[PDB]
Structure formats: C-alpha cells, structure tokens
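The structure appears right after this line, and notes come after that.
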Amino acid sequence: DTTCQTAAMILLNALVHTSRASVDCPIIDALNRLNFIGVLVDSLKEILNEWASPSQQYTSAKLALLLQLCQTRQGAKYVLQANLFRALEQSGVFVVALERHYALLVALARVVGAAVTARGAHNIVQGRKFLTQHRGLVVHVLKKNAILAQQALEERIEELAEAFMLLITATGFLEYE
Amino acid sequence: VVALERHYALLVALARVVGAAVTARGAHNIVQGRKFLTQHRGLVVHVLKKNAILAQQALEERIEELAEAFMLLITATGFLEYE
Amino acid sequence: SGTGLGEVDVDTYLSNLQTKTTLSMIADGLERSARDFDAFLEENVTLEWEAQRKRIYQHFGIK
Amino acid sequence: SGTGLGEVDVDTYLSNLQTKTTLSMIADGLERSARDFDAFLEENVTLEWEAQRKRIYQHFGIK
C-alpha cells in the first residue's frame, strides 16, 4: 500500500519524539531489536529512483525519522553500526523543481551532520572522508548564500549551507587543513 | 553569469587533482576518496543532476566537466560497492 | 436556481473530503517536523559560537 | 590630417604592447593546458566503459 506505509512511517516519528520529552529511550531500542533500523538504512540505497507525488512525500517521512534518531546520544551507537556512509554512496545522489532537489540534499546532510556530532570522536574519522571525497560540491553551496518560489529556493540554500558548516566545526576539518 | 562560471572553474580544478590522484596509485588511496564523497555528500548530487548565450554555454560546459570529474572518482574508487 | 451549478456529486464529494483531510494531515506533519528541527538547531546553536562557526570558514575559504 | 586622432603615446604604446603580449601568452598557456588535459582524459576514457560509468549512476541515483 502507498498510504499505509506513509502514515506508519510518520507515526513512528511522533512516538520517538514524545518519548524523549518524558539519556535513553525504550522506543528506539525496540526498533533495533526488530531489525527495523537495519532494513531502513538498506532502503536508503537507490533513493534517487524513489524521489504532491505519493513517492516524494513518503521519502520525506523516511529521512525525517532518521534525523530524529541522530539527536539522542544512544542513537549514534545503533545508527553508526548500520554503516550508513556506504549506503548513501551507492545511490550516487551527491524553479520549483530545483527547490525539491535541495530539499533532498538537506535531509541527507542533516542526518549525517547530527550523527557525527552525537557520539563524539569515534565518528569524526568518517565525516572527514565524506567532505574530502565529495569536496568542491559543498564549496559551491557555501558561496552561493554568501518571487515566492525564489525565496523558497534560497531558503533551502541557507539551510544546506549551514548544514555542512555544522559538520565542519563538529568534525574538526579545519585542523586537518 | 560570468561570476558563477569562475566559481565552478575552481571546483573543477580541485576535483581533477583529487580524481586523478586516487586512480593513480591504486587501492591505497581509495580509502580516502570514499571519505571525501561521504563527508561532502549531497553537493556532488546537485551537479550530477543539473547536467542530466555565450556565457550560458560556458557555464554549462563547466558543469559537464565538473559532473564528469566526480563520476570518474566514483567508478575509480568503487563507491558503488559500499552502497 | 439549483440542480447543479459548478457543483459535484456525493461520491466525488466524499473523495475530495478524504483527499483534503489527508493533504492537511501531511502538511501539518511536515510543518511540525520542520518546527521541531528548527527548535532543536536553535537550542544546540544558542550555546556558544554563533558567528565564529561561519567566520572561521569565511576566513579560510574564498569569501 | 594627423597630430593625433584617437591615438596614444609611445610610453603608453610600449606598455600596451607588453600587456597584450603577456595576456596572449597567458591565454595560450591556459588553452594548451586545457587541450592537454582533454587529450589525457580522452586517452584514459577511450579504453573501455564509455557509457557504463554514467549508466551505473543514472540507475543508482535519481534520474
């Protein structure tokens, strides 16, 4: 089904969200035991094929959920062990049509950005490789930011530009030079 | 339109140096290439999708070279196997 | 007047109602997720180094 | 006629000549470097897998 999977995916976001407000959580732990996080990271591959349209809105909730798990300290452990760096590489993902394109890059950048700065110095080694292996692309975004559809497009650039900036200061790429 | 063309010219120059370096020695540098694409993921995706009057043609030409630059590093580094 | 003036039928009326409800639910969920993410980023960035994080890059990278 | 008609002076004439020579040298060097790089890429890519390298990505990434 197309609508059941969408509502179910968005439902999990509310469960984990309200659970944190109640440093750990039993909801996120159960998802790992049920092999949900495993299959979820596997579906990240070939995301370009999936991405108003029903398939587009479905992917939004998918990446949105992963972003929430990377905010808690315990999520970095289970999420990092899923080897998400190699999953987003096989897909080769890295006026209104362009706005949707940046929306996908922002969603992925936030998941990776929050994940590295979640655990600590155990994930910085991977962040440096992502910026070095994909260098240049981020440079174009950080320099671009430096009528309705136009403002919406520029807004995504600001979020996208600030997304990588958080990973840089959090990963310590300046020290590598 | 001319200012943007110069911006991509710099990214292409850097991408070519890194792209040719990884595919030069062999499997000793692929470990670094994967980190560069994973740490800077998303940015390259925008370029590879863009390509897929005088100043306009010049700007688009850099996009083709920039898009093809990273593509060479992917196939040479083997990022598809990592998924 | 009556008997139809830019109107619809009940079979289509209920379908349009359901579609509108679904679209509104999806929009509300997206907006709430965006607001929660923005609040989280504001709470995590308001600690310290608000402008230095970008100044270091503006000084390192080409302005 | 004569004695000046949209003309220049020798002190500026030699400077303009030198500037033109320098600009032409820089342009020729840039063009030769670009041509050498293009030839190198053509020689390295003409071996095999001309269209597969992009087809794999078009199939993996969003078209």
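In the structure tokens, chains take the letters A, B, ... in the order shown, each chain's residues start at 1, and ligands count up from 1 in the order shown.
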
Residue neighbourhood residue 83 (chain B), 9 Å, only C-alpha atoms, exclusion window fewer than 6 positions, as a ChimeraX atom specification:
/A:42,44-46,84-92

Give me, as a PyMOL selection string, the residues of chain D touching chain B, with the criterion being at most 8 Å (counting only C-alpha atoms).
chain D and resi 53-54+63

Shell around region 40-44 of chain B at 8 Å using only C-alpha atoms, local window under 6 positions removed, as a ChimeraX atom specification:
/A:89,93-94,105-106,108-109,129-138,140-141,164 /B:67,70

Determine, counting only C-alpha atoms, which protein, DNA and RNA residues have an atom within 10 Å of an atom of region 27-33 of chain C; residues of the same chain fewer than 5 positions away are not included. Present the result as a ChimeraX atom specification.
/A:10-11,13-14,17,57,60-61,64-65,68 /C:21-22,38-39

Taking a cut-off of 12 Å and counting only C-alpha atoms, can you build a table that, for each residue of chain B near chain A, reports the nearest atom pair and how far apart they are in Å (one decimal), sorted by chain then residue number, as JSON lines?
{"residue": "B:3", "atom": "CA", "partner": "A:144", "partner_atom": "CA", "distance": 10.9}
{"residue": "B:4", "atom": "CA", "partner": "A:144", "partner_atom": "CA", "distance": 8.9}
{"residue": "B:5", "atom": "CA", "partner": "A:140", "partner_atom": "CA", "distance": 11.1}
{"residue": "B:6", "atom": "CA", "partner": "A:140", "partner_atom": "CA", "distance": 11.0}
{"residue": "B:7", "atom": "CA", "partner": "A:140", "partner_atom": "CA", "distance": 7.3}
{"residue": "B:8", "atom": "CA", "partner": "A:140", "partner_atom": "CA", "distance": 7.5}
{"residue": "B:9", "atom": "CA", "partner": "A:136", "partner_atom": "CA", "distance": 10.4}
{"residue": "B:10", "atom": "CA", "partner": "A:136", "partner_atom": "CA", "distance": 8.3}
{"residue": "B:11", "atom": "CA", "partner": "A:136", "partner_atom": "CA", "distance": 5.0}
{"residue": "B:12", "atom": "CA", "partner": "A:136", "partner_atom": "CA", "distance": 7.8}
{"residue": "B:13", "atom": "CA", "partner": "A:136", "partner_atom": "CA", "distance": 9.4}
{"residue": "B:14", "atom": "CA", "partner": "A:136", "partner_atom": "CA", "distance": 7.1}
{"residue": "B:15", "atom": "CA", "partner": "A:136", "partner_atom": "CA", "distance": 6.8}
{"residue": "B:16", "atom": "CA", "partner": "A:136", "partner_atom": "CA", "distance": 10.5}
{"residue": "B:17", "atom": "CA", "partner": "A:135", "partner_atom": "CA", "distance": 11.2}
{"residue": "B:18", "atom": "CA", "partner": "A:133", "partner_atom": "CA", "distance": 8.3}
{"residue": "B:19", "atom": "CA", "partner": "A:133", "partner_atom": "CA", "distance": 9.1}
{"residue": "B:21", "atom": "CA", "partner": "A:133", "partner_atom": "CA", "distance": 11.7}
{"residue": "B:22", "atom": "CA", "partner": "A:133", "partner_atom": "CA", "distance": 10.0}
{"residue": "B:29", "atom": "CA", "partner": "A:133", "partner_atom": "CA", "distance": 10.8}
{"residue": "B:30", "atom": "CA", "partner": "A:133", "partner_atom": "CA", "distance": 9.4}
{"residue": "B:31", "atom": "CA", "partner": "A:129", "partner_atom": "CA", "distance": 8.2}
{"residue": "B:32", "atom": "CA", "partner": "A:129", "partner_atom": "CA", "distance": 6.0}
{"residue": "B:33", "atom": "CA", "partner": "A:133", "partner_atom": "CA", "distance": 4.4}
{"residue": "B:34", "atom": "CA", "partner": "A:133", "partner_atom": "CA", "distance": 5.3}
{"residue": "B:35", "atom": "CA", "partner": "A:129", "partner_atom": "CA", "distance": 2.3}
{"residue": "B:36", "atom": "CA", "partner": "A:133", "partner_atom": "CA", "distance": 1.7}
{"residue": "B:37", "atom": "CA", "partner": "A:133", "partner_atom": "CA", "distance": 3.4}
{"residue": "B:38", "atom": "CA", "partner": "A:130", "partner_atom": "CA", "distance": 3.0}
{"residue": "B:39", "atom": "CA", "partner": "A:130", "partner_atom": "CA", "distance": 1.8}
{"residue": "B:40", "atom": "CA", "partner": "A:131", "partner_atom": "CA", "distance": 3.5}
{"residue": "B:41", "atom": "CA", "partner": "A:94", "partner_atom": "CA", "distance": 4.9}
{"residue": "B:42", "atom": "CA", "partner": "A:94", "partner_atom": "CA", "distance": 3.8}
{"residue": "B:43", "atom": "CA", "partner": "A:137", "partner_atom": "CA", "distance": 4.0}
{"residue": "B:44", "atom": "CA", "partner": "A:94", "partner_atom": "CA", "distance": 3.9}
{"residue": "B:45", "atom": "CA", "partner": "A:94", "partner_atom": "CA", "distance": 2.8}
{"residue": "B:46", "atom": "CA", "partner": "A:94", "partner_atom": "CA", "distance": 6.3}
{"residue": "B:47", "atom": "CA", "partner": "A:137", "partner_atom": "CA", "distance": 7.5}
{"residue": "B:48", "atom": "CA", "partner": "A:94", "partner_atom": "CA", "distance": 7.3}
{"residue": "B:49", "atom": "CA", "partner": "A:93", "partner_atom": "CA", "distance": 8.4}
{"residue": "B:50", "atom": "CA", "partner": "A:98", "partner_atom": "CA", "distance": 9.0}
{"residue": "B:63", "atom": "CA", "partner": "A:137", "partner_atom": "CA", "distance": 11.2}
{"residue": "B:66", "atom": "CA", "partner": "A:136", "partner_atom": "CA", "distance": 9.3}
{"residue": "B:67", "atom": "CA", "partner": "A:137", "partner_atom": "CA", "distance": 10.0}
{"residue": "B:69", "atom": "CA", "partner": "A:136", "partner_atom": "CA", "distance": 10.8}
{"residue": "B:70", "atom": "CA", "partner": "A:134", "partner_atom": "CA", "distance": 7.9}
{"residue": "B:71", "atom": "CA", "partner": "A:92", "partner_atom": "CA", "distance": 9.0}
{"residue": "B:73", "atom": "CA", "partner": "A:133", "partner_atom": "CA", "distance": 8.6}
{"residue": "B:74", "atom": "CA", "partner": "A:92", "partner_atom": "CA", "distance": 8.4}
{"residue": "B:75", "atom": "CA", "partner": "A:90", "partner_atom": "CA", "distance": 10.5}
{"residue": "B:77", "atom": "CA", "partner": "A:133", "partner_atom": "CA", "distance": 9.6}
{"residue": "B:78", "atom": "CA", "partner": "A:90", "partner_atom": "CA", "distance": 8.9}
{"residue": "B:79", "atom": "CA", "partner": "A:89", "partner_atom": "CA", "distance": 5.6}
{"residue": "B:80", "atom": "CA", "partner": "A:90", "partner_atom": "CA", "distance": 4.0}
{"residue": "B:81", "atom": "CA", "partner": "A:90", "partner_atom": "CA", "distance": 6.6}
{"residue": "B:82", "atom": "CA", "partner": "A:86", "partner_atom": "CA", "distance": 4.2}
{"residue": "B:83", "atom": "CA", "partner": "A:90", "partner_atom": "CA", "distance": 3.5}

Counting only C-alpha atoms, a student should be able to say which residues of chain D come within 10 Å of chain A; what is the right answer, written as an NGL selection string?
:D and (56-63)

For N, CA, C and O atoms, I'd like the residues from the last selection saved as an mmCIF file, in the first residue's frame.
data_model
loop_
_atom_site.group_PDB
_atom_site.id
_atom_site.type_symbol
_atom_site.label_atom_id
_atom_site.label_comp_id
_atom_site.auth_asym_id
_atom_site.auth_seq_id
_atom_site.Cartn_x
_atom_site.Cartn_y
_atom_site.Cartn_z
ATOM 1 N N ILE D 56 25.603 3.432 -14.691
ATOM 2 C CA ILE D 56 25.519 2.878 -13.343
ATOM 3 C C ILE D 56 24.992 3.926 -12.371
ATOM 4 O O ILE D 56 24.163 3.628 -11.503
ATOM 5 N N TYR D 57 25.450 5.172 -12.507
ATOM 6 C CA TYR D 57 24.984 6.225 -11.611
ATOM 7 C C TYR D 57 23.548 6.618 -11.923
ATOM 8 O O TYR D 57 22.737 6.806 -11.009
ATOM 9 N N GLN D 58 23.211 6.753 -13.210
ATOM 10 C CA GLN D 58 21.837 7.079 -13.578
ATOM 11 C C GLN D 58 20.862 6.029 -13.067
ATOM 12 O O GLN D 58 19.708 6.351 -12.760
ATOM 13 N N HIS D 59 21.301 4.773 -12.969
ATOM 14 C CA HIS D 59 20.441 3.728 -12.427
ATOM 15 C C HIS D 59 20.423 3.755 -10.903
ATOM 16 O O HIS D 59 19.381 3.509 -10.287
ATOM 17 N N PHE D 60 21.565 4.052 -10.281
ATOM 18 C CA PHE D 60 21.622 4.124 -8.824
ATOM 19 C C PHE D 60 20.971 5.404 -8.314
ATOM 20 O O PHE D 60 20.010 5.364 -7.538
ATOM 21 N N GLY D 61 21.484 6.558 -8.745
ATOM 22 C CA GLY D 61 20.943 7.824 -8.311
ATOM 23 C C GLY D 61 19.642 8.176 -9.009
ATOM 24 O O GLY D 61 19.245 7.569 -10.002
ATOM 25 N N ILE D 62 18.968 9.187 -8.464
ATOM 26 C CA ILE D 62 17.702 9.636 -9.026
ATOM 27 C C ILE D 62 17.952 10.250 -10.397
ATOM 28 O O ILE D 62 18.766 11.170 -10.545
ATOM 29 N N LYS D 63 17.250 9.743 -11.404
ATOM 30 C CA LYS D 63 17.397 10.238 -12.768
ATOM 31 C C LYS D 63 16.937 11.688 -12.870
ATOM 32 O O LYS D 63 17.593 12.514 -13.506
#
